[PDB]
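Chain naming here is simple, since letters A, B, ... match the order of the sequence lines and numbering starts at 1 in each. In each ligand, atom 1 is the first atom listed, and ligand 1 is the first ligand listed.
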2 protein chains.
Amino acid sequence: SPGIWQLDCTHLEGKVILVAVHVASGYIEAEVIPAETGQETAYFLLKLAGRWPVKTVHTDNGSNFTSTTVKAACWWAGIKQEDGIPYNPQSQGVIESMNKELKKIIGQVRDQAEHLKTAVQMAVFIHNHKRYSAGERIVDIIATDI
Amino acid sequence: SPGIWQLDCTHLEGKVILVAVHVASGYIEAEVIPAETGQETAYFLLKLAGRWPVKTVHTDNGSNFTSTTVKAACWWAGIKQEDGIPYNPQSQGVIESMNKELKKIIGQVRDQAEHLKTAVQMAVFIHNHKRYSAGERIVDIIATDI
Ligand SMILES: NCCCCCC(=O)N[C@H]1Cc2ccccc2/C1=C\c1ccc2c(c1C(=O)O)OCO2
Ligand SMILES: NCCCCCC(=O)N[C@H]1Cc2ccccc2/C1=C\c1ccc2c(c1C(=O)O)OCO2
Ligand SMILES: [Cl-]
Ligand SMILES: [Cl-]
């Protein structure tokens, strides 16, 4: 549980927002990319795994699950790559709710930033600090595990 | 102490590697940028502060300390922007040692990656996982503070 992350891909302004959610805490990292490719996903996962102890990733779709580049990154970083099938159906709705929430925050900050990527990082900040906070929960969870 | 970070800028392959070090743990985040500008530094700090509880940043030079864009980002993210003058002289040497270590790791992985940015993120991963590890220390420090 402390090492479980879920990938999530959402769209805004003709661009793609790639999100990793730490399932147990709701803590997120996110980036804007031109389109979701195996290459982009692989690089994103490498970044994530260097920063937090990522044991398992539930991939966001079958293309990323199949991607040899994503598989290479998961091998390199010691990540167990799994499907993201919502066997528990309240998963769908929670990811949906998070995308809606993130887009709302992005709209609330959008005019403070020239570029979407900046607004997305502002949204990450607000989400992870919002009150415990998600940032507090992830640290506590991992510390307890260690 | 749990909230103190130090910026560090080093060079490789005609490119710039921007590093943030969590002083109490040795944990790092890093990115490759074409050149160190206020814009790049500001964006990097926004990303960092959304991901960890960044209270104080010791800036890497006077240009970034002066930059209105960096000041704007620090204001936005609630970061106290400070100078990075090594009042304690063992700071210089520790940062110097870290840059040497990072470049060594980059060389050890460089052939596994087409692009420098990938090698740098591999180096971040190896550095933060190397055995406690820096990743374990930062989590414990912050958890104790919370
Ligand atoms: N629509 C009006 C926009 C006017 C811009 C106002 C303004 O200075 N924003 C600051 C606030 C702020 C808070 C935190 C971080 C950046 C920024 C800002 C700019 C900025 C800086 C670097 C970047 C950026 C942008 C960006 O602006 O996105 O993009 C990638 O690297
Ligand atoms: N001697 C040359 C080696 C040829 C490449 C070998 C190879 O497949 N590396 C994997 C291993 C690996 C481990 C972790 C993450 C990426 C990669 C790799 C590629 C890669 C993927 C996405 C990217 C990249 C690269 C990149 O290659 O940098 O760049 C930005 O997004
Ligand atoms: Cl946080
Ligand atoms: Cl780690």
Short side-chain to backbone donor-acceptor contact, B:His127 and B:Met122, under 3.5 Å: no
Has the side chain of A:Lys71 got a donor or acceptor atom that lies under 3.5 Å from a matching backbone atom of A:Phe65? yes
Beyond-backbone contact of B:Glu31 with B:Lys117, side-chain heavy atoms, under 4.5 angstrom: no
Residues around ligand 2, heavy atom under 4.0 Å from any ligand atom, sorted by chain and number. Can you pull those? A:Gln39, A:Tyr43, A:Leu46, A:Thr69, A:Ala73, A:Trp76, B:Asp111, B:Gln112, B:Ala113, B:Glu114, B:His115, B:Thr118, B:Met122
Judged by atom type as modelled, is there a donor-acceptor pair below 3.5 Å linking the side chain of B:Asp60 to the main-chain atoms of B:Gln6? no
Do side-chain atoms of B:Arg110 reach the backbone of B:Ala113 as a donor and acceptor pair under 3.5 angstrom? yes
Any cation-pi pair here, B:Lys130 with B:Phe125, using under 6.0 Å and within 45°? no
